[PDB]
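One structure below.
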Amino acid sequence: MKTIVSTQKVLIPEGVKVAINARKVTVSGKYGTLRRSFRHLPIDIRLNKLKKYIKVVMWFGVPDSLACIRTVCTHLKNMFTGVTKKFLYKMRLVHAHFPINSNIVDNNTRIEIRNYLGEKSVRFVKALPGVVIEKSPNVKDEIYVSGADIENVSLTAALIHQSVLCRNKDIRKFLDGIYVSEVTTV
Amino acid sequence: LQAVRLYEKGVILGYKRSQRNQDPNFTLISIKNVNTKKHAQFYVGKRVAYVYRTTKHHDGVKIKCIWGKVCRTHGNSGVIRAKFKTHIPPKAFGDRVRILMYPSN
Amino acid sequence: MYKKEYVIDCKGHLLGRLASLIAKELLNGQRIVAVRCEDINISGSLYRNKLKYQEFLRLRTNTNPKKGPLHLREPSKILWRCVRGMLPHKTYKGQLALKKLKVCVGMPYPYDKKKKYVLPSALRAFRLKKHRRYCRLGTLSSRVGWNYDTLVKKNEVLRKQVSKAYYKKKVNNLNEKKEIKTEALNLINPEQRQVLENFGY
Amino acid sequence: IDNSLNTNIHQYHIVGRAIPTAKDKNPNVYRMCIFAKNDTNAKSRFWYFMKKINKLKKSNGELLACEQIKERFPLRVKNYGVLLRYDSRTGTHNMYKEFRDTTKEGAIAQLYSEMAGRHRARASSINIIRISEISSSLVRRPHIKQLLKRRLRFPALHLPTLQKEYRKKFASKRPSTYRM
Amino acid sequence: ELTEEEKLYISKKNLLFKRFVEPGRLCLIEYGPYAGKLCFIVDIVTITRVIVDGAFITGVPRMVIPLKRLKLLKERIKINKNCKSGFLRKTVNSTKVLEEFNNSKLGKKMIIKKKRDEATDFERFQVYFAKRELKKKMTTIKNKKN
RNA sequence: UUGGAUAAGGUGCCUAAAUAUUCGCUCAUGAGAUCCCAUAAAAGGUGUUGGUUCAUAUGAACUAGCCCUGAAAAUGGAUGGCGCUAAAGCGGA
RNA sequence: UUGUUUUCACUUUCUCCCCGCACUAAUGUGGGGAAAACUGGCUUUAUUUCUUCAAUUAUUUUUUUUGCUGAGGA
Ligand SMILES: [Mg+2]
Ligand SMILES: [Mg+2]
Ligand SMILES: [Mg+2]
Ligand SMILES: [Mg+2]
Ligand SMILES: [Mg+2]
Ligand SMILES: [Mg+2]
Ligand SMILES: [Mg+2]
Ligand SMILES: [Mg+2]
């Protein structure tokens, strides 16, 4: 089957500058600028500057294709959120016998990990472009990873968690590691 | 500037054939601006000349011709079948021929 | 096919459909020069084509690999071998036809200043639905050991700058000629002006 | 006028009965409506169904009429609903379908193509029951409801279809698919 | 009502897709026996089939046509619900749309090509003679300029 | 022997003739490509396309088309080859 | 089991009004309600080079451009 038309509407917040030309999008705001392209799926999107509300419309489509409209709408909404309220990911590092020693260098990138299960070695990760790492001001074993782009910050947080996976023991008993505990904004 | 043309250009393709058989009585010709069956029927009675060169002189000159005729079309794309007074040698299959306009109507 | 030589740039064509349209031109008798062979497209995912090339690489003469299939990984030789497999290249006439093709990566001197054509019945834009997958021959050849992908782009940049300057000069000349034309129409016998007006010249 | 757009399907009206005997001398009279390529095929199907449904074989029957019903408004658009019965590889089934066209056999032609494409059903395994016209408020399928809105519009998004003569194989500028 | 602001704003959004299919589009025909003529959409049957009618001005009758054989044009005539041939003829005559298509960039070139195809031998020589005359004035003005 | 018009099969190149027209289906990190004929099953799939019933426009059951898993051998290889996905694949006209 | 006989639905318009007051993919739109017969349909003329007079079959008469062949010698 094919459907003639299908549309969805996404409003623009107050403090945001937008531009779309050939399925290429830029957004600007208080905390920087974001670029993203969509030239792999058939859409003609319409931007109303005087009002809000970018609109996405698709002519003759099928169920497999029609499922990509809400995806684009949510990606747009997330990048709108990014430039006015940075994304925050909170992480707790948990130990049983050996405490974990963290260390942030190089202008709040490049976290360093020591004493994981007491192993005398050093592990590194390096944050993606646009992401800043720091330790909490309130509680003992919290790290903050944050800033302006959900994809980059969430993938940095994922790179940290898989830094300290436990090798050939039983992981229902050896629970040491660094885990994401809450997701919010700044 | 000089030496007017007064003919249409053509290339001699192979013989009339199938896969694996030859039939050298007819030859297939392609005409320069003709690429439909209806337009090829326009030339269905004209005279064809194949002019080539030799190395020795034969009657004081070093050029000779083999004369032919346009008989019919070859189906959907403006190719023709031509019949010559003698069979064309197969060492000629990319050469030039002159599709004349003598028998005018 | 009534010309001394045709020049084709292959940027944006599918490999098989282009190779089929070249072979008949060669058989009928026509020189062909093919340029920018690193921008040819194929109609599968890049991984799916890398697997096919890996299958091509592991077949060889057991007793002596100096003989046997020879694996050529430049983009221009790939098209050369794909055309060779559509000609009767083991007779004499079919070997004559194979020698009337020349292939290049990039666009060297004699042909950077010649006119380039395209074959619409082999263009990806007209032949492949937009939700299918496709790859580029340069990336694939790099993945199997070609090692010259970067230098070609580096040279193409300079070529394009030179061409841009030439185009600017050409546009200026055309405008200057249009003015001289429009002035001279007023200074002709009136009936020649009507006969040019009627036929749109 | 354009023989590249025609289908070879027409409709027929056939009337028959059995030869009168000493036991029966006012036999029943039967009629049907069949879609076929020519009238000979229609008579073939008529005797096929007489034999299968009643006890009438051709060799002791007689035909009374073959008429070939034509269409009254060949340029107005109608909605049609069809009832089917076809044999699959592992059973026999029956379905209801809906089409949009300007003639009944113009819809039967569509039905044969759809049943080949979607189910691999040959014409020899398909029996057609009860073609009829239906009103626009009693339509059941979603792909017919699409076309009967108040103000129907859409852009044209097909690639060009040119004549063979202007289909020049070796071009001098790469064309565009946009065409606005 | 809408102020001028909104007003021109409606007239400033150049949409990607113009030239919709609807009663009144122009549709030069590109393939088939009636190739090279103009017509009008009067009704649409399915996604792919369209009923077409060029009034008795053009040499096409009312008939069904696959949609992929058409080329939509810029011009549209606002015609009614279920018009027929007689009223369509009056509407196309009164709106004066055919001869304002002829002034566009494509109608002029179509007409000029048809003019060139009907030329005789003497007319071809006249065109050659006029061009040869024009070349001399070209080349004398040029030599004066430099 | 000279012409003409076919059968069985074919019309992207090899290879003479349609990159013909007009409808549907299919994406395969081991696709598929037709008598003889040159192998594949039970059992499964929340892949996608149609259809049949029972329940206030959402649930459930069922059914059958293409695709996928089941699917392991010895020199390097075979829809005949190239290759082909707006088919040059499968079912029709 | 057929021929009548009744009931209610079937037309959209670039027209008007109310509600959302710009909400639409649309140089418009979603819901509710009216008007008209421009459009569509049907009658009576008197008409067919403004225009149409189709398609298939039966039965008859021509026509443009061209390929190949010339047995015999009463
Ligand atoms: Mg052989
Ligand atoms: Mg040989
Ligand atoms: Mg013979
Ligand atoms: Mg076949
Ligand atoms: Mg061929
Ligand atoms: Mg479920
Ligand atoms: Mg084949
Ligand atoms: Mg009134």
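What you see below is based on every heavy atom in this structure, not just the backbone, and it leaves out hydrogens, waters and symmetry mates. Labels below follow one simple rule: chain letters A, B, ... track the order of the sequence lines, proteins then strands, and each chain is numbered from 1.
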Item checked: Single hit among D/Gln11, D/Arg76, D/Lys78 for side chain to side chain donor-acceptor pair (under 3.5 Å) with D/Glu71 -> D/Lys78
Item checked: F/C66 pairs with, by Watson-Crick or G-U criteria that keep both distances under 3.5 Å -> F/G47
Checklist line | Wobble or Watson-Crick pair present, F/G24 with F/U79, both under 3.5 Å | finding: no
Notebook entry, point to check: Can F/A43 and F/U52 be counted as paired, Watson-Crick or G-U wobble, both distances less than 3.5 Å?
Noted result: no
Next item on the list: Let me have a per-nucleotide readout for nucleotides 39-52 of chain F, 5' to 3', with B, S or -, counting only protein heavy atoms under 4.0 Å.
Entry: ----------SBSS
Next item on the list: Grab the CZ-P distance between B/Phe42 and G/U64 for me, whole Å please.
Entry: 17 Å
Check: Can you tell me if the side-chain N/O atoms of C/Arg124 get under 4.0 Å from OP1 or OP2 in F/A86?
Finding: no
Margin query: Could you check whether F/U26 pairs with F/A71 (Watson-Crick or G-U wobble, each of the two distances under 3.5 Å)?
Written below: no
Margin query: Taking syn as a glycosidic torsion within 90° of 0 and anything else as anti, which one is G/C53?
Written below: syn
Check: Rounded to whole angstrom units, what separation is found between the CG atom of D/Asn38 and the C1' atom of G/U56?
Finding: 13 Å
Next item on the list: Taking atom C1' in both F/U46 and F/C67, compute the distance separating them and give it to the nearest angstrom.
Entry: 16 Å
Next item on the list: Would you indicate which nucleotide in F/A86, F/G76, G/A25 comes nearest to any side-chain atom of C/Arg60?
Entry: F/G76
Margin query: Just the rounded figure in Å: distance from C1' of G/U2 to CZ of D/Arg31.
Written below: 11 Å
Notebook entry, point to check: When all nucleic acid strands are considered with a 4.0 Å heavy-atom cut-off, which category describes C/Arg48: base, sugar-phosphate, or nothing?
Noted result: base
Note to self: Rounding to an integer number of Å, can you tell me how far B/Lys83 NZ sits from F/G3 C1'?
What the structure shows: 9 Å
For nucleotides 80-83 of chain F, list the nitrogen or oxygen atoms of the protein found under 3.5 Å from its nitrogen or oxygen atoms, one pair per line.
{"unit_1": "F/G81", "atom_1": "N2", "unit_2": "C/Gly85", "atom_2": "O", "d": "3.3"}
{"unit_1": "F/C82", "atom_1": "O2'", "unit_2": "C/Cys82", "atom_2": "O", "d": "3.2"}

Next item on the list: Answer yes if G/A34 and G/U60 form a Watson-Crick or G-U wobble pair with both distances under 3.5 Å, and no otherwise.
Entry: no
Check: Do F/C54 and F/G59 form a Watson-Crick or G-U wobble pair, with both donor-acceptor distances under 3.5 Å?
Finding: yes
Check: Hey, does D/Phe154 reach any base, or is it just sugar-phosphate, or nothing, if we go heavy atoms under 4.0 Å?
Finding: nothing
Notebook entry, point to check: side chain to side chain contact (heavy atoms under 4.5 Å, CB included) with D/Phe99: which of D/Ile144, D/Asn79, D/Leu111?
Noted result: D/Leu111
Notebook entry, point to check: Taking atom types as they are modelled, is there a donor-acceptor pair under 3.5 Å from the base of F/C27 to the side chain of C/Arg133?
Noted result: no
Next item on the list: Do me a favour and sort the pucker of G/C21 into north or south by its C1'-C2'-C3'-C4' torsion.
Entry: south
Margin query: For a quick check of understanding: with a heavy-atom distance under 4.0 Å over all strands, which category does D/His93 fall into, base, sugar-phosphate or nothing?
Written below: sugar-phosphate
Check: Hey, does D/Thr90 reach any base, or is it just sugar-phosphate, or nothing, if we go heavy atoms under 4.0 Å?
Finding: sugar-phosphate
Checklist line | Is_stacked (C/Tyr47, F/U29) at 5.5 Å, 30 deg | finding: yes
Checklist line | Residues which pass salt bridge (charged side-chain N to carboxylate O under 4.0 Å, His left out) with E/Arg19, listed by chain and number, not counting sequence neighbours | finding: none
Notebook entry, point to check: So does C/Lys24 get a side-chain nitrogen or oxygen closer than 4.0 Å to the phosphate oxygens (OP1/OP2) of F/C14?
Noted result: yes
Next item on the list: Check the angle between the aromatic planes of D/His119 and D/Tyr86 and answer parallel, tilted or perpendicular using the 30° and 60° thresholds.
Entry: tilted
Next item on the list: Measure the distance from CG on E/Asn93 to P on G/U51 and round it to the nearest whole Å.
Entry: 12 Å
Margin query: Could you tell me how far apart C/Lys90 (NZ) and F/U15 (P) are, to the nearest whole angstrom?
Written below: 13 Å
Next item on the list: Examine F/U21 and F/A93 and say if both key distances are under 3.5 Å for a Watson-Crick or a G-U wobble pair.
Entry: yes
Note to self: Measuring to OP1 and OP2 of F/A20, would you say a side-chain N or O of D/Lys164 lies under 4.0 angstrom away?
What the structure shows: no
Margin query: With the 90 degree cut-off around zero defining syn, does F/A5 come out syn or anti?
Written below: anti
Note to self: Taking only the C1' atom of each, what is the distance from F/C66 to F/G91 in whole angstrom?
What the structure shows: 11 Å
Note to self: Is there a side-chain contact between E/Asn82 and the phosphate of G/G40, meaning an N or O under 4.0 Å from OP1 or OP2?
What the structure shows: no
Next item on the list: Round to a whole Å and report the spacing from CG of D/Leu5 to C1' of G/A55.
Entry: 16 Å
Notebook entry, point to check: Taking OP1 and OP2 of G/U24, is either one under 4.0 Å from a side-chain nitrogen or oxygen of A/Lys55?
Noted result: yes
Margin query: Aromatic contact between E/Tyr31 and D/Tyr166, with the criterion being ring centroids under 6.0 Å apart: yes or no?
Written below: no
Item checked: Rounded distance (Å) that lies between atom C1' of G/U29 and atom CZ of D/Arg153 -> 13 Å
Note to self: Whether G/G30 and G/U69 form a base pair should be assessed as Watson-Crick or G-U wobble, both distances under 3.5 Å. Do they?
What the structure shows: no
Next item on the list: Examine B/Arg47 relative to B/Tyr102 and say whether NZ or CZ is less than 6.0 Å from the centre of the six-membered ring and inside a 45° cone about the ring axis.
Entry: no
Note to self: For C/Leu18, run the side chain to side chain contact (heavy atoms under 4.5 Å, CB included) check against C/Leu21, C/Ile22, C/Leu15 and tell me which one passes.
What the structure shows: C/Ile22
Margin query: Reading RNA chain G from 5' onward, which residue's closest nucleotide shows up sooner: B/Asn105 or E/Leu2?
Written below: E/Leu2
Notebook entry, point to check: Among the nucleotides F/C14, F/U29, F/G91, which one has an atom lying closest to any side-chain atom of C/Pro88?
Noted result: F/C14
